[PDB]
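Beneath this line is the structure, given in structure tokens, with notes to follow.
Along the sequence shown, residues carry numbers from 1.
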Amino acid sequence: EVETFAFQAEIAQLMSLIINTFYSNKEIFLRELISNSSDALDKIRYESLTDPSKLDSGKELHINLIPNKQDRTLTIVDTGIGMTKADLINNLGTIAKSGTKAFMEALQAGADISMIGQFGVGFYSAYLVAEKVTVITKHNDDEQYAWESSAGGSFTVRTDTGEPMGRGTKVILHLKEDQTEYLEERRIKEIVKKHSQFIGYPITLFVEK
Ligand SMILES: COc1ccc(-c2n[nH]cc2C)cc1F
Ligand SMILES: COc1ccc(-c2n[nH]cc2C)cc1F
């Protein structure tokens, strides 16, 4: 049972601007997604200080980067706090509306797309390199959910039947055909070292078989 939702106009406009604007510094998508994972891990680390049982779904706090040349996917996995259904459908987009307006106004005034993180809407930078994005996520208080969007003004949410995730978030970037450089170990290493070298959680770059 798959539910389809329309993005709010302002977010649709942002995604279309990201997809259609000519902008060569696409590699910053990885810094934004890793930064998102690191915030989610901070959040569950803090919550577990006053409630240790919140780590029963998994004590490890880490980020995994998994390229798959066969599926042409790059997956960013974290064991952070995860997202509820209300987050996917409503809350995160509600928050993003003001960041989106501020961002678009800065862009008209001379800012550039690489500054998207300073407006809290960095997640959407994934569409610099992905034609489709799947988010698998599990929060302690909700079921496991699969969110998916190929842009075009809509996204879907369904209960996920795949492997149980414990707690956390898996972002699967279905890469555009001309962006397969981001599946190369040497290229991901370079990007992590340049933009994420001081993240306070272990980042493991899986190598391909
Ligand atoms: C607090 O709301 C959240 C915002 C983002 C995430 C997230 N974790 N890993 C990737 C993402 C996008 C989790 C949240 F709970
Ligand atoms: C479910 O769709 C999402 C909508 C927004 C975000 C987000 N995370 N951090 C900042 C934003 C705008 C993540 C999502 F998965």
What residues form a ring pair (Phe, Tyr, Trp, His ring centres under 6.0 Å) with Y124, not counting sequence neighbours? none
Counting heavy atoms not belonging to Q13, are there more than 12 under 6.0 Å from its CD? no
Among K97, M104, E105, exactly one meets side chain to side chain contact (heavy atoms under 4.5 Å, CB included) together with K101. Which residue is that? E105
Taking 4.0 angstrom as the limit, do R167 and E60 come out as a salt bridge? no
Can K138 and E143 be counted as an ion pair, charged N to O under 4.0 angstrom? no
Output, in order, the C-alpha distance, side-chain angles, deciding distance and verdict of ring pair (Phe, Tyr, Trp, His ring centres under 6.0 Å) for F29 and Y127. CA-CA 8 Å; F29 82 91; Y127 290 88; over 10 Å; no
Does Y46 have more than 12 heavy atoms from other residues, nucleotides or ligands lying within 6.0 Å of its OH? no
Please determine whether a side-chain nitrogen of the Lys or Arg among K189 and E185 lies less than 4.0 Å from a carboxylate oxygen of the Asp or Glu. yes
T134-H174 side chain donor-acceptor pair, cut-off 3.5 Å: yes
Mind checking what makes ring pair (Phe, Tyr, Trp, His ring centres under 6.0 Å) contact with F5, not counting sequence neighbours? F155
Taking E148 first and then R158, would you say they form a salt bridge - that is, a charged N and a carboxylate O separated by under 4.0 Å? yes
Taking the side chain as everything from C-beta on, heavy atoms only, tell me whether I63 gets closer than 4.5 Å to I76. yes
